[PDB]
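One structure is given here, and the rest of the page talks about it.
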Amino acid sequence: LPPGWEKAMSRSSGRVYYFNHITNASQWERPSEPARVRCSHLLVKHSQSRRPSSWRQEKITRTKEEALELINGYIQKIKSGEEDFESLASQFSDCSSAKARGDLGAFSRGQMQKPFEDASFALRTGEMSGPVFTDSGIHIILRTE
Ligand SMILES: *CC(=O)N1Cc2[nH]c3ccccc3c2C[C@H]1C(=O)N1CCCC[C@H]1C(=O)N[C@@H](Cc1c[nH]c2ccc(F)cc12)C(N)=O
C-alpha cells in the first residue's frame with residue numbers, strides 16, 4: 001500500500017475500505033514522492049486558532065468541534081458533487097487564499113507547516129485530504145499538481 005494507507009472495515013456495512021492516517025482521506029477503492037506539489041486548501045478557523053480572525057469574521061468564536069463539523073460537511077458536499085472545492089473555498093475559507101479559490105501555488109518540502117506539508121506530499125494528483133489540523137485551524141487540501 002502507498003505511503004500512509006491502511007485497510008479497515010466499515011462500521012455500518014462491514015465492507016472493506018482504505019484510510020490514510022497522514023491525509024485523513026478515506027475511500028472504498030484500493031489506492032494506487034515528487035519534488036514539488038501544488039495545492040489548494042479550505043481553512044476553517046476556531047476559537048483556539050493562533051489568530052482567530054479572518055476576512056469572514058473579525059472575531060472567530062466557533063469551537064474546534066464546530067469547525068470540524070463544518071469541515072466534515074464541506075467534504076460531504078464536495079464528494080457528492082453538490083458543491084465543488086474551489087467554490088466552497090472562495091466562499092468559506094478563513095484565509096486570504098480564498099480570493100484565489102484556495103490555490104497556494106507550488107511548494108517543496110521545507111516551506112509549509114509539517115502537518116500540511118506531510119498531507120500535501122502524500123496526496124495523489126487530484127486527490128483531496130480529510131481534515132488536516134494546524135495551529136491556524138482545520139484544512140481540506142486538494143492536490144492539483
Ligand atoms: C490562510 C493560510 O493558511 N495562509 C495564507 C495564505 N494566503 C496565500 C495566498 C497565496 C499563496 C499562499 C498563501 C498563504 C499561506 C497560508 C498559511 O499561512 N499556511 C499554508 C497552509 C498551511 C499552514 C500555513 C503555513 O504553513 N505557512 C507557512 C508560511 C507561508 C506564508 N505564506 C506562504 C506562501 C507559500 C509558502 F510556501 C509558505 C508560506 C509556514 N508557517 O511555514
Side-chain angles (χ1 to χ4, degrees), residues 1-11 17-145:
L1 287 170
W5 284 103
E6 86 187 74
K7 189 169 68 179
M9 230 67 45
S10 159
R11 290 293 168 78
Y17 72 105
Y18 298 91
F19 171 73
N20 187 301
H21 76 269
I22 304 175
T23 66
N24 290 324
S26 45
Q27 69 184 44
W28 293 112
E29 305 91 347
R30 203 168 222 264
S32 52
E33 165 176 309
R36 312 241 304 169
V37 297
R38 188 184 179 180
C39 292
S40 299
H41 76 142
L42 186 165
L43 174 64
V44 178
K45 289 187 171 188
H46 50 78
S47 64
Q48 291 177 279
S49 294
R50 187 209 181 269
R51 290 176 297 190
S53 191
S54 78
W55 70 273
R56 303 195 63 220
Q57 203 174 11
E58 193 171 5
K59 187 187 183 73
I60 291 178
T61 57
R62 71 177 69 91
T63 69
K64 182 188 297 171
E65 297 67 33
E66 280 161 0
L68 181 57
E69 193 82 306
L70 287 161
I71 284 282
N72 286 338
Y74 296 146
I75 288 173
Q76 283 182 321
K77 291 199 175 301
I78 294 164
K79 283 195 173 184
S80 73
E82 288 169 282
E83 311 281 346
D84 62 78
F85 185 100
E86 297 95 329
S87 164
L88 294 180
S90 298
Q91 295 172 255
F92 302 123
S93 182
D94 281 312
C95 178
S96 60
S97 63
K99 291 207 155 51
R101 302 176 312 287
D103 175 41
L104 303 170
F107 51 91
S108 60
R109 288 199 177 265
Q111 295 183 244
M112 300 300 190
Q113 293 195 306
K114 201 56 60 167
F116 191 98
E117 169 187 300
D118 282 343
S120 292
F121 281 86
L123 291 166
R124 305 174 300 263
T125 300
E127 188 185 3
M128 185 182 71
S129 74
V132 172
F133 291 76
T134 70
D135 273 12
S136 63
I138 311 174
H139 306 256
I140 309 167
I141 308 174
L142 176 66
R143 182 181 167 193
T144 57
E145 300 172 11

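These numbers come from the heavy atoms of this one structure, side chains and all, not from hydrogens, waters or symmetry mates. Start at 1 and go down the list; that is how both ligands and their atoms are numbered. FYI, the numbering just counts along the sequence from 1.
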Under a 4.0 Å N-O cut-off, is there an ion pair linking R51 with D135?
no
Separation between CZ of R62 and CG of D94, rounded to the nearest 0.5 Å
5.0 Å
Enclosure of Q91 CD (heavy-atom neighbours >12, cutoff 6.0 Å):
yes
Residue of the set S97, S129, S93 for which side chain to side chain donor-acceptor pair (under 3.5 Å) holds with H41
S97
Kindly check if the number of other-residue, nucleotide or ligand heavy atoms within 6.0 Å of CD (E58) is above 12?
no
Which pairs of N or O atoms, one from ligand 1 and one from the protein, are separated by less than 3.5 Å, and what is the distance for each pair?
unit_1	atom_1	unit_2	atom_2	d
ligand 1	7 (N)	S96	OG	3.0
ligand 1	26 (O)	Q113	N	2.9
ligand 1	42 (O)	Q111	O	2.9

Any salt bridge between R38 and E145, counting N to O under 4.0 Å?
yes
